[PDB]
Protein chains: 2
Amino acid sequence: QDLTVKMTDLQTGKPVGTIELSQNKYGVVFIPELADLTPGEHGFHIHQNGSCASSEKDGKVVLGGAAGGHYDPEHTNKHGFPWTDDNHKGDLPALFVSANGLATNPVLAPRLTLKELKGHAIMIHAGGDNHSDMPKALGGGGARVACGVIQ
Amino acid sequence: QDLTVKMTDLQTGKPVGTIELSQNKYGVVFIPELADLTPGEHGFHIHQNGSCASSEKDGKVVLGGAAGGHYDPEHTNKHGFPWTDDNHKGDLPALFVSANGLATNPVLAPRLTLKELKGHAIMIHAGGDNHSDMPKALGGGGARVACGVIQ
Ligand SMILES: [Cu+2]
Ligand SMILES: [Cu+2]
Ligand SMILES: [Zn+2]
Ligand SMILES: [Zn+2]
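Rules and cut-offs
- Residues numbered from 1 in each chain as written, not as in the entry; some residues may be left out.
- Chains lettered and ligands numbered in written order.
- Heavy atoms only, no water.
- Donors = N, O, S within 2.8 Å, 3.2 Å for Na, K, Ca; no water.
- Helix = DSSP H or I, 4+ residues; strand = E, 2+ residues; numbered from the N terminus.
- Contact = heavy atoms within 4.5 Å.
- Buried area = accessible area lost by both parts, 1.4 Å probe.
- Salt bridge = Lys/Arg side-chain N within 4 Å of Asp/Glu carboxyl O.
- Polar contact = N/O pair within 3.5 Å; in protein donor to acceptor, adjacent residues only side chain to side chain.
- Pairing = 2+ DSSP bridges.
- Axes fitted to C-alpha atoms, helices over the stretch in contact; angles between N-to-C directions.
- Buried < 20%, exposed > 50% of the residue type's maximum accessible area, 1.4 Å probe, protein only.

As summarised from the PDB record, the model derives from X-ray crystallography at a stated resolution of 1.50 Å.

Engineer: Report on the coordination of the copper ion (ligand 2), specifying residues and quantitative values.
Structural biologist: Residues and elements named next belong to chain B. The protein atoms donating to the copper ion (ligand 2) are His45 (ND1), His47 (NE2) and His125 (NE2), with metal-donor distances spanning 1.9 to 2.0 Å. Sequence spacing among the residues donating to the copper ion (ligand 2) works out to H-x1-H-x77-H. Taken together, the residues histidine 45 in strand β5 (residues 44-47) and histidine 125 in strand β10 (residues 121-125) connect sequence positions 80 residues apart.

Engineer: Could you give an account of the interface of chain B and chain A, naming the residues involved and the relevant values?
Structural biologist: In this assembly, 16 residues from chain B lie in contact with 16 residues from chain A. Summed over both partners, the interface of chain B with chain A comes to about 1,500 Å²; 68% of that surface belongs to carbon and sulfur atoms. Here chain B and chain A share 2 salt bridges between them. A salt bridge links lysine 25 of chain A to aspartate 85 of chain B, with the nearest nitrogen and oxygen atoms 3.2 Å apart. Scanning the region where chain B abuts chain A turns up 4 residue pairs in polar contact.

Engineer: Quick one: what's the story with the sheet that holds strand β1 (residues 2-9) of chain A, residue by residue and with numbers?
Structural biologist: Residue and element names in this part refer to chain A. Strand order in the open sheet made by the 7 strands is β5-β10-β11-β1-β2-β3-β9, with antiparallel pairing throughout. If you trace the sheet from one side to the other, it starts and ends with β5 (44-47) and β9 (107-109), each paired once. Looking at each pair of strands side by side, their axes are set apart by 30° on average, direction ignored. Bridge count between strand β2 (residues 15-24) and strand β3 (residues 27-34): 8 bridges; the pairing is antiparallel. Residue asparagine 24 lies in a different strand from β3, and its bridge partner there is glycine 27.

Engineer: Let's hear about the environment of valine 5 of chain A: which residues, and what values?
Structural biologist: Residue and element names in this part refer to chain A. Within the fold, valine 5 resides in strand β1. Between the C-alpha atom of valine 5 and that of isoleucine 19, which follows or precedes it by 14 residues, the distance is 5.2 Å. If sequence neighbours within four positions are ignored, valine 5 has contacts with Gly17, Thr18, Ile19, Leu21, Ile122, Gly148, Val149 and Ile150.

Engineer: Outline the pairing of β3 of chain A, supporting the account with residue identities and numerical values.
Structural biologist: Residue and element names in this part refer to chain A. Burial analysis of β3 places 6 of its 8 residues in the buried class, the great majority of the element. Counting the residues in the hairpin turn of β2 and β3 gives 2 residues. Note that β3 and β9 share 3 bridges and pair antiparallel. Bridging from a neighbouring strand, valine 29 pairs with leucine 108 of β9.

Engineer: Residues and numbers for the coordination of the zinc ion (ligand 4), please.
Structural biologist: Residue and element names in this part refer to chain B. Binding of the zinc ion (ligand 4) to the protein goes through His70 (ND1), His79 (ND1), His88 (ND1) and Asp91 (OD), at separations of 2.0 to 2.1 Å. Mapped onto the polypeptide sequence, the residues donating to the zinc ion (ligand 4) form the spacing pattern H-x8-H-x8-H-x2-D. A relative accessible area of 1% means that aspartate 91 is categorised as buried.

Engineer: So what's going on with unusual backbone geometry? Residues and values would help.
Structural biologist: For the bond from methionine 134 of chain A to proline 135 of chain A, the omega torsion is 0°, close enough to zero to count as cis. Turning to its location among the elements, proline 135 of chain A is positioned in the loop between β10 (121-125) and β11 (144-149). Located in the positive-phi region is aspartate 36 of chain A, a residue other than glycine, with phi close to 70°. Along the chain, the position of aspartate 36 of chain A falls in the loop between β3 and β4 (40-42). Residue classification places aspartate 36 of chain A among the exposed residues on the basis of a relative accessible area of 61%. Phi is positive for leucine 138 of chain B, which is not a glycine, with a value near 60°.

Next comes the structure, spelled out in structure tokens:
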């Protein structure tokens with residue numbers, strides 16, 4: 001059970017690499033092979049809808065907005081950690097990008113199964129992720145910068 | 001079940017902060033509050049011995065060497081991932097340090113229990129951790145830069 005997800009930069013429209021998804025006894029491991037991202041920690045989540053298209057809100061374009069919100073099959077309406085249950089099941093560990101713009105550090109989501117991920121989107125945000133809705137909603141990820149649909 | 005581990009810089013001898021250890025249903029979470037570290041990803045492992053003292057090898061001083069090797073209660077003699085079983089149970093996700101020298105990103109070790117950690121050491125290395133003994137032993141962590149004994 002391994003899936004390859006192609007990731008595209010939402011602003012440039014160009015490919016930025018792939019993430020390999022694998023099932024193990026401890027959860028789903030996301031192994032990135034990405035480039036052209038800003039150095040530092042990036043919010044990283046499964047979103048509800050199988051699209052990376054834009055949406056609009058109050059007359060403003062939202063890149064990657066068609067993916068909807070964080071994947072939340074238990075209707076928690078809360079953003080949190082990958083190892084806490086009363087928040088979005090889509091909440092992954094943050095994605096690290098090296099000084100050279102590459103992301104290669106794999107991370108584990110203990111609460112997810114690979115089977116439930118088909119048809120959802122993987123999102124990488126501009127900001128980081130403090131795994132809280134304070135002081136900024138949704139961990140402070142802010143804008144969506146790269147996205148791919150899980151097939 | 002929460003423990004506070006005080007971490008000290010091995011070269012300067014000064015405190016660099018603490019790591020809080022907590023047990024949850026998915027494993028042990030390590031929540032760092034550290035400062036004065038080099039930006040980037042750092043190898044991060046539980047080592048066998050409850051000491052942060054030096055050792056010597058072939059006439060050279062090894063800072064933090066008294067902690068011995070990676071914690072390996074199943075005698076795997078292999079370095080690997082936090083979610084693979086045939087390698088050191090002490091292998092943790094890598095520790096991220098921000099541009100400002102702070103480490104605040106918590107990580108999960110699904111294979112560990114809090115009870116088994118007492119009396120061991122937590123180590124932070126100079127280099128990163130590719131979770132392999134190739135191309136460099138022990139994930140390329142190299143020198144030990146900060147350490148604390150788990151009480
Ligand atoms: Cu997101
Ligand atoms: Cu180590
Ligand atoms: Zn969330
Ligand atoms: Zn190891």
